[PDB]
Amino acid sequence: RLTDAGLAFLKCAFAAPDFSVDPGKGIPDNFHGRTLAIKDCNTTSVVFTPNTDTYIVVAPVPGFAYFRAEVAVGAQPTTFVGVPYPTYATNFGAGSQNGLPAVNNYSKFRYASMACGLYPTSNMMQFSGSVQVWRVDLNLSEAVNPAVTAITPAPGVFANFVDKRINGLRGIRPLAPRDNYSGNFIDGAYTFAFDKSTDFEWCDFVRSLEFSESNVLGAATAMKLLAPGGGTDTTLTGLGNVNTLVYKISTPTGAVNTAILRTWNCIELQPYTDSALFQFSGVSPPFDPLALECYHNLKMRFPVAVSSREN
């Protein structure tokens, strides 16, 4: 009773790791338009510092695999630095202009799916610690503050402009919230993120070096998502419609913890007419209200996360 794309849509959304070739085709709603479904997916290895609580945050920031922060066991993380997808450059441009309208190959985006799997690679005798997963509803926000309009006459003329911020980061702490998955590190963990807008709402780009609690660059005590290398080559592109995944790994002293980290995500984007990528664009899938209703129903029926021995 589900359309072809509708079923593929569900597969991509919840069971990304189960398939050899990704079935995803995009969101089967009434969009029915020119889209290019970017399927970002890579695999790396992470090594956890002994005697630290490490945080791997998978947020819907186009072009970024995840954000990391390491802190003393029990301490409060503040800055999560992004690890970009090797594909960033091709999608959003490079150089000092990276991410801006001049080099960006898209004008709008929305996440059809996003998931992550942590596959421990330590031996059963040397590792030690835990894995904890949970989701936070990260959303961009604004604050209106004064800025100088004219430097004359001192101390200057002002007006109120808007600065960008991000809400939700404070929920990333050592104390896991009610809805979470807590397990032995060696068992790994897998989970998917899901739509937190009501209809897979389209998002506009907002190019920035950081998405923080403060509008003051580098603020040491402001919690924030930060583009690496001062945004010289890769900057934050925006924040999607799905919630954010939080992976907390506690590694005691002397523990030897390593894992393979695999992330997936399907993003529908409105393509610039002139890029090499446009060639691979096409029509959004046909309307399948059932698949949509099913997705929104299903998203609530699974454990917050599951061990990696059953992704």
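The numbering used is simple: start at 1 and walk along the sequence shown.
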Hey, which bit's got the bigger mean C-alpha B factor in the entry, 24-32 or 61-69? 24-32
For the higher mean C-alpha B factor in the entry, choose 103-111 or 148-156. 148-156
Which of these has the highest Cα B-factor in the record: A220, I172, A89, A75? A220
Can you tell me which of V242, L261, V47, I249 has the maximum CA B-factor listed in the PDB entry? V47
Quick check for you: using the entry's CA B-factors within this chain, is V304 in the lowest, middle or highest third? lowest
Split the chain's modelled residues into thirds by Cα B-factor; is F200 in the lowest, middle or highest one? highest
Third of the chain's Cα B-factor distribution that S281 belongs to, per the entry: lowest
Among the modelled residues of its chain, the C-alpha B-factor of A8 falls in the third labelled lowest
B-factor third for the C-alpha atom of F161 within its chain: highest
